[PDB]
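Starting off, we have a lone chain in the form deposited in one PDB entry, written out as structure tokens.
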């Protein structure tokens, strides 16, 4: 690991979801194009990370309209429908046939879907928790200058530099988790 080469020090730390464990936070967008409609980095990290590390994701909000995409991400997470629903969400965003950022369009879309409880997803979508979470994602994007997807932050402090491709990324993340663990002694 080298400062300025492999990683960067955040000027203000991002408060972790859970204390005691080491957060690995990914900022993402549903406009990130993946060959199987899921992020291969999240899948790899889920298995390669040590036992005391956990994964967090936030949808990036770059334009005011994008609060709609962030609200979808919050709905999915909060409904507990990540693996049943996200693939269909990526695909809808990829095709660009409907403005999924719009609540009523999102609702009509969700209810017509064959592969998951769209009613459960929409219940989470119209709950105060999901609207709040969507706005928090905007605050996070702005407050911490997230201008790039994916961006990975470890233990709230260290921002990955993807200087060596995919696999160099997992290695950097793993070393950063070991850095955070040791420093919090």
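Numbering follows the first chain given and starts at 1. By rigid core we mean the largest C-alpha set that fits within 1.5 Å across both forms.
What comes next is about the form deposited in another entry, which is not displayed.
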Seminar exercise, completed: Core-aligned between this form and the one not shown, the sole member of 45, 122, 146, 69 showing a Cα shift of 2 Å or more is 45
Exercise. When you overlay the rigid core, is the Cα of residue 34 off by 2 Å or more between this form and the one not shown?
Worked result: yes
Exercise. Under a superposition restricted to the rigid core, does residue 17 display a Cα displacement of 2 angstroms or more between this form and the one not shown?
Worked result: no
For this session: Answer yes if the CA of residue 91 moves 2 Å or more between this form and the one not shown after aligning the rigid core, and no otherwise.
Result: no
Seminar exercise, completed: in the other entry the CA atoms of residue 79 and residue 37, compared with here and shifted by at least 3 Å, lie farther
Exercise. Given that the distance between the C-alpha atoms of residue 97 and residue 58 changes by 3 Å or more in the other entry, do they end up closer or farther than here?
Worked result: closer
